[PDB]
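Residues per chain are reported as follows:
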Amino acid sequence: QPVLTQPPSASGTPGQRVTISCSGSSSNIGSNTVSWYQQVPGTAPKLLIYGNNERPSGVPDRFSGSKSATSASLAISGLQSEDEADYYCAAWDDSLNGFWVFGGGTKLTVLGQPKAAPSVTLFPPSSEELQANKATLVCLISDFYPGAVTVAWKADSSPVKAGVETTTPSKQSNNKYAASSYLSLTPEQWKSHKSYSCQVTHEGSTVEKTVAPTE
Amino acid sequence: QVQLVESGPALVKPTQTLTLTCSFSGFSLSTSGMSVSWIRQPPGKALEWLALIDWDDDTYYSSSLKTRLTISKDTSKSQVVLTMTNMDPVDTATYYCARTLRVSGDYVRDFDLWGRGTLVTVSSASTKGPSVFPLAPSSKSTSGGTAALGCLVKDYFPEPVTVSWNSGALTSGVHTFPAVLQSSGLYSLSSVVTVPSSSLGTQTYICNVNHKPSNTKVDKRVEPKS
């Protein structure tokens, strides 16, 4: 499984020029043109640079590609927040009857972005689920930055860890993050406590929402 | 106007063969300088090119995976088909088809347009359709003029599930969250929409859940809590 070598990550501050390298061999990059692709979370890659440092319609000229011997580079000048994505290079390899090689990808972070506190919405089990002899509490966490939270649940005021499942944070369209956490209970447990809470900690501060069966 | 649309099974058992189809429109594969490739991407990992077929019926294959692959095209149906034998859990991935285009007097545009991709999961576990529950807005849970309501899509396999609201009429304020993979090996996800608090009394809200891998669709009415 051949791969062109890219650094796993790259970063810069808005306005800066950031470069991402791509290293291959004589039979691929050494002999052939390197293209670049941008992949924003949740979407297919899109062609960014091809041929003689050429840009498809819609790609600004602050994206430029270069190549020398067996390595290539993508320079992004005038760095902006919407540039956050994974970037891949690719080149044809003439050897072994011919095949495409892609890079391993580089995740680009624009640093110095403003922190944003998470919005938390907590739902109790539905009557319909309880009547099916199950109970799930649903904690939805959105619009936070940077993209790291910790979630803790409480039965009354005390910690509960059993039955908790939480997603990794995922980038939203606005480059903020979202996550969700679920607490599975028996209907007996749900009914036997005064309340349950989901507490989300982000950058040293917490937001906690509470639901009660009697409500 | 150019479309590449991948299709195929969402779930394949280990050792079985996977057949994917790319149905394209807006261009002809018989046109000089056109080609179509399959490229896959395991979740959270890099793109990996698999095979290409060009306007002259020439084929190229991944040098490392060649013995497992076949690519062919059907001019009559505007389809390109990939076959991959002896599937393994490491082959679980999104499979994309992508077009390549040479414009006369210009360098080739490799992989200039990509389909949305189709997720293939390789597993011995059986398909399971979701149980859909409403998440009704509470009176203590409003945010002033707006309220959030939603639907919980519980315990399905494999991915993906998609969700719309009111048959696509309600798009403002919709947020469908990525699924959680439970320790049980099943997935769950939630979708929420934010609407005017005052509307809860007069508007009907319905989440439309689609789980193509189980050929199931559920339209779940989310009633005000009472």
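A word on the state of the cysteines
A covalent bond between the sulfur atoms of two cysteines is what we call a disulfide.
Then comes step 1: Across all of its chains, the model carries three disulfides over all chains by this definition.
Then comes step 2: One disulfide in the model links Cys22(A) with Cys89(A); its S-S distance is 2.1 Å. Disulfide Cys22(A)-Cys89(A): torsion about the S-S bond near 85°, hence right-handed. With a gap of 67 residues between them, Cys22(A) in strand β2 (residues 18-23) and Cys89(A) in strand β7 (residues 85-93) connect regions that are remote in the sequence. With respect to class, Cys22(A) is no different from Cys89(A); both count as buried.
Then comes step 3: The disulfide partner of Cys22(B) is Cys97(B), and the gap between their sulfur atoms is 2.1 Å. Taking the sign of the S-S torsion, about 60° here, the bridge from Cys22(B) to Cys97(B) comes out right-handed.

Comments concerning unusual backbone geometry
Then comes step 1: Across the junction of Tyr145(A) and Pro146(A), the peptide omega takes the value 0°, indicating a cis bond.
Then comes step 2: Mapped onto the secondary structure, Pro146(A) falls in the loop between β11 (135-144) and β12 (150-155).
Then comes step 3: Between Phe157(B) and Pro158(B) the backbone carries a cis peptide bond, its omega angle lying at -10°.
Then comes step 4: Along the chain, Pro158(B) turns up in the loop between β13 (146-156) and β14 (162-165).
Then comes step 5: In this model, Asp156(A) sits at a positive phi of 55°, which is unusual for a non-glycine residue.
Then comes step 6: Take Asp156(A): it is sitting in the loop between β12 and β13 (158-160).
Then comes step 7: Take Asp156(A): its relative accessible area is 31%, and that puts it in the partly exposed class.
Then comes step 8: A positive phi is found at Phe111(B), a non-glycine position, where the angle reads about 55°.
Then comes step 9: Residue position: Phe111(B) is located in strand β10 (residues 109-114).

Brief notes about the interface of chain B and chain A
Interface size is commonly expressed as the accessible surface area that is lost when the partners come together.
Then comes step 1: Listed per partner, the contact involves 44 residues of chain B and 46 residues of chain A.
Then comes step 2: Those elements that place two or more of their residues in the side of chain B that touches chain A are β4 (34-41), β5 (48-54), β6 (59-61), β10, β12 (131-135), β13 and β17 (187-196) of chain B.
Then comes step 3: Each residue belonging to the side of chain B that touches chain A can be placed in one class, and the counts come to 25 nonpolar, 10 polar and nine charged.

Things to note about empty space enclosed by the protein
Residue and element names in this part refer to chain B.
Then comes step 1: Space inside the largest cavity adds up to approximately 40 Å³.
Then comes step 2: Every residue lining the largest cavity is listed: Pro 137, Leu 149, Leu 200, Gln 203, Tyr 205, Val 222, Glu 223 and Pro 224.
Then comes step 3: Taken together, the residues of the lining of the largest cavity break down into six nonpolar, one polar and one charged.

Here's the deal with the pairing of β4(B)
All names here are of chain B.
Then comes step 1: Of all eight residues that make up β4, eight are buried, and the element is covered over most of its length.
Then comes step 2: Taking every second residue as pointing to the same face, both faces of β4 are buried, with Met 34, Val 36, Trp 38 and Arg 40 on one and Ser 35, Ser 37, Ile 39 and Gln 41 on the other.
Then comes step 3: Here β4 runs beside strand β9 (residues 93-101); their pairing, made up of eight bridges, is antiparallel. Within β9, the position partnered with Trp 38 by the bridge is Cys 97.

Topic: the layout of surface pockets
Then comes step 1: Of the pockets and cavities examined, the second largest pocket occupies roughly 790 Å³.
Then comes step 2: If you trace the second largest pocket, you find 33 residues lining it, with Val120(A), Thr121(A), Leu122(A), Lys209(A) and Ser141(B) closest to the centre.
Then comes step 3: Looking at the lining of the second largest pocket, the elements with two or more residues in it are β10 (119-123), β11 and β18 (205-211) of chain A together with β13, β15 (174-176) and β17 of chain B.
Then comes step 4: When residues in the lining of the second largest pocket are grouped by element, the largest group, five residues, is from β10(A).
Then comes step 5: Here the lining of the second largest pocket is built from residues that sort into 14 nonpolar, 14 polar and five charged.

What to know about the domain arrangement of chain A
Residues and elements named next belong to chain A.
Then comes step 1: By the assigned domains, chain A splits into domain 1 (2-112) and domain 2 (113-215).
Then comes step 2: Measuring from the centre of the C-alpha atoms in domain 1 to the corresponding centre in domain 2 gives 39 Å.
Then comes step 3: Tallying the contact residues gives eight residues for domain 1 and five residues for domain 2.
Then comes step 4: Between domain 1 and domain 2, a total of about 580 Å² is buried, with carbon and sulfur atoms accounting for 39% of that surface.

Observations concerning the sheet that holds β14(B)
Residues and elements named next belong to chain B.
Then comes step 1: Pairing is antiparallel in the open sheet, where three strands are placed in the order β14-β18-β19. Looking at strand neighbours, the two that pair on one side only are β14 and β19 (216-221), the edges of this open sheet. Here the average twist between neighbouring strands, direction ignored, is 20°.

Concerning the pairing of β14(B)
Along any regular strand the residues' side chains alternate between the sheet's two faces.
Residue and element names in this part refer to chain B.
Then comes step 1: On β14, burial follows the alternation: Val 163 and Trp 165 on one face are buried, whereas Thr 162 and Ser 164 on the facing-out side are not.
Then comes step 2: In the sheet, β14 pairs with strand β18 (residues 206-211) via four bridges, with the strands oriented antiparallel. The partner of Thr 162 across the bridge, within β18, is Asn 210.

Brief notes about the pattern of salt bridges
Then comes step 1: Evaluation of the coordinates by the stated rule reveals 13 salt bridges over all chains.
Then comes step 2: One salt bridge in this structure joins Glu208(A) and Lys154(A), with 2.9 Å as the shortest N-O distance. One end of the pair, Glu208(A), is in strand β18; the other, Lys154(A), is in strand β12, and 54 residues separate them in sequence.
Then comes step 3: We note a salt bridge from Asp91(B) to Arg40(B), for which the minimum N-O separation is 2.8 Å.

Brief notes about the side chain of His211(B)
Residues and elements named next belong to chain B.
Then comes step 1: Looking at the secondary structure, you find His 211 in strand β18.
Then comes step 2: Given the relative accessible area of 0%, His 211 is considered buried.
Then comes step 3: Aside from chain neighbours lying at most four places away, what touches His 211 is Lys 128, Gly 129, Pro 130, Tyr 156, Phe 157, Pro 158, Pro 160, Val 161 and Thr 216.

Focus: the environment of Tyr61(B)
Then comes step 1: With respect to the helices and strands, the residue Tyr61(B) is situated in strand β6.
Then comes step 2: Polar contacts involving the side chain of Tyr61(B) include one to the main-chain amide nitrogen of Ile71(B), which spans 3.0 Å.

Conventions adopted
Residues numbered from 1 in each chain as written, not as in the entry; some residues may be left out. Chains lettered and ligands numbered in written order. Heavy atoms only, no water. Residues with missing side-chain atoms left out of burial classes, pairs and counts. Disulfide = S-S within 2.5 Å. Helix = DSSP H or I, 4+ residues; strand = E, 2+ residues; numbered from the N terminus. Buried < 20%, exposed > 50% of the residue type's maximum accessible area, 1.4 Å probe, protein only. Contact = heavy atoms within 4.5 Å. Nonpolar A, V, L, I, M, F, W, Y, C, P; charged D, E, K, R; others polar. 1 Å grid on protein atoms, 1.4 Å probe; cavity = no way out; pocket = protein on both sides within 12 Å on 5 of 7 lines; lining within 4 Å. Points joined across faces, edges and corners; volume = space filled by probe spheres on them. Pairing = 2+ DSSP bridges. Domains from an automatic or database assignment. Buried area = accessible area lost by both parts, 1.4 Å probe. Axes fitted to C-alpha atoms, helices over the stretch in contact; angles between N-to-C directions. Salt bridge = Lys/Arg side-chain N within 4 Å of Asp/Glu carboxyl O. Polar contact = N/O pair within 3.5 Å; in protein donor to acceptor, adjacent residues only side chain to side chain.

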